[PDB]
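Only one chain is included here, represented as structure tokens and corresponding to the form deposited in one PDB entry.
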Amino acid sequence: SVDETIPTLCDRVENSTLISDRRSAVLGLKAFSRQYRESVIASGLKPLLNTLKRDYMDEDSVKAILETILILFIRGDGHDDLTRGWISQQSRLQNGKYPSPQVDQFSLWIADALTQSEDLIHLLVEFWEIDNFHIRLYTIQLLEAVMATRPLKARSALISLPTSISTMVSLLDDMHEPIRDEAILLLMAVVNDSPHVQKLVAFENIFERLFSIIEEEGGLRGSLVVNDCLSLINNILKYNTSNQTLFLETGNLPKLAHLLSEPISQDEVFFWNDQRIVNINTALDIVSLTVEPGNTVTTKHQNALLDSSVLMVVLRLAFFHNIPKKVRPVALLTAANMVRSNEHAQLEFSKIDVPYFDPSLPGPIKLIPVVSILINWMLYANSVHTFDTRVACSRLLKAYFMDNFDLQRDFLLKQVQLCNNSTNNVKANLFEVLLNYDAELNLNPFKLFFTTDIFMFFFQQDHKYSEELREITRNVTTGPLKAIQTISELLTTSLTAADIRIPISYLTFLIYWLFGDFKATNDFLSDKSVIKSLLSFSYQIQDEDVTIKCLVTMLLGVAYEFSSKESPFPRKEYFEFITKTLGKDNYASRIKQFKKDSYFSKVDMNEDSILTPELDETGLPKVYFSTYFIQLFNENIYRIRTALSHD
């Protein structure tokens, strides 16, 4: 009745004479496939698969068996015993861009069974030649299921039949739209992480076909199917430089440009929702994939991109007033990938000016150069939901300067003149923030974080003439007191106060500045008054958080490491001063503790962690250290622990 019924039905499936009584047993097995799934798989799968191989020509036979296998795939709680929604969600979760939020051993049993040889897979592919809508569509969905569970075998078996990817791509043209839609899902999966299937699709006019579908479905207005089309374009381009050249050299850039412009080029307002935000962010991400950083052709692709309207539409997206807060950063970051390290792009960038508005705020129209409005937002657009934008502003500027010394050196000199031109007269200045006391700096701590971060950017000692850029910053003049000593007073004032990010930002900046720089160490050592305050601060009762006490003692330590006997506080003496108070044993124990058990130990080594950062119990991002600081430390942890030890 469970175990007399299924074995008997399995029997008639294989051993009946006439194709009718076989098919009929399959219906009977189908009948038991929800309640007795695991038994039917066990007793029934091989016979189901054999009479499929055998009756492959009989449409009713094939339809009933594909229905039975899909039913069997998972034990679903849902209206669809074939679990078809689940299958599409897997295709998207596994291979799709920006997905929105079950499988067992028995699922895997069916997946293995269907990939034992390429026999079954080839057969499934041959079913796309059948005039039956339902067979063509079950075939796709069953392959989505196998692909969701044994991608490697399913893909291997697919590529070993040469036409499969052509006939797969040809399904975009199917008369019945459901087939077009699933086919996008299947191609997403089959193409993902497969240079071979990336090469194979590039031959099939896949970009022209997919843009066509997208324009037919309404571009950004246009729900999942557009999202899926953009997911497939993404998956075809990802880490495939030839695919990327072909994309760029095949008239796809006007069609991206048109798609990205819909919110802008409206006469009538473009309303947004979660879907339209995912669509345009994937569209923007696709631009980014062409300009893979660290790759031979990146500059060639950047120039390709600059040749088209794309930089202008991406930038109009970034500086349009009614752009969603979750799109603005992606626009800016994309603009970064186009401009980064490109003399012509960098130069082109410098010329563009923009109607000013404040993205962070819940009338004459004055225009300002982009560089100034990026700096302005990065420093003063202090709002919970602008933090992703501020970080992107950071990155666009770094991309704008990157590998262009003339622009850096030019930029600093105009920036000091603006600090010394407020002294000459008796908001986008990095020296203003770095060097002046702000009473309300705890209200907007990231202003300093971003400022120290970009200075550490310019100051990298591999930047060919870092020395030139340091010097200009070093001899800056508040009052008669030079940058480092003026920094140190703000540092020492800040230690006492309440927000923990401000000390960390200054402490790490000065450690960064001084490390390797004999002139910077002298300037720091020029006035003991500070060395005394830090040393006194180093003797505190920690209250169970210690990160600053370790940074303070590391700064004393690093400054000792670059001492020399010609220092305003000579090495041999400054040694005694730190040794007699703090001690060699405490010092190396504080450096060790900084790595092992501080906010630095909690650093997320993921280079893009800052784009999707954790919020704390304030609602403020858990961002503390600049990447430059982090590298410098990791890269030289030994020498620093060893500063006082050597002698």
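In this text, residue numbers run from 1 along the sequence as written.
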Interresidue gap class [residue 362, residue 363; deposited sequence, unmodelled]: 4 to 9
Missing from the model but present in the deposited sequence, between residue 101 and residue 102: 4 to 9
Taking only the CA atoms, which stretch has the higher mean B-factor in the record, 531 to 539 or 179 to 187? 531 to 539
Once you work out the mean C-alpha B-factor for both 79 to 87 and 516 to 524 from the entry, which is higher? 516 to 524
Reading the B-factor column for Cα atoms of 369, 445, 218, 151, the highest value belongs to 369
Of the choices 592, 46, 30, 63, which one's C-alpha carries the largest B-factor in the record? 592
Going by the CA temperature factor in the PDB record, which third of the chain does residue 328 belong to: lowest, middle or highest? lowest
For residue 222, the third of its chain by CA B-factor is the lowest
Could you look up the Cα B-factor of residue 238 in the entry and say which third of the chain it sits in: lowest, middle or highest? middle
How does residue 549 rank on Cα B-factor within its chain, lowest, middle or highest third? highest
Taking the values exactly as deposited, rank residue 208 by C-alpha B-factor within its chain and report the matching third: lowest, middle or highest. middle
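Although it is not shown, the form deposited in another entry is what the next lines describe.
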From 329, 40, 140, 449, the hinge of the rigid-body change between the shown form and the other one corresponds to 329
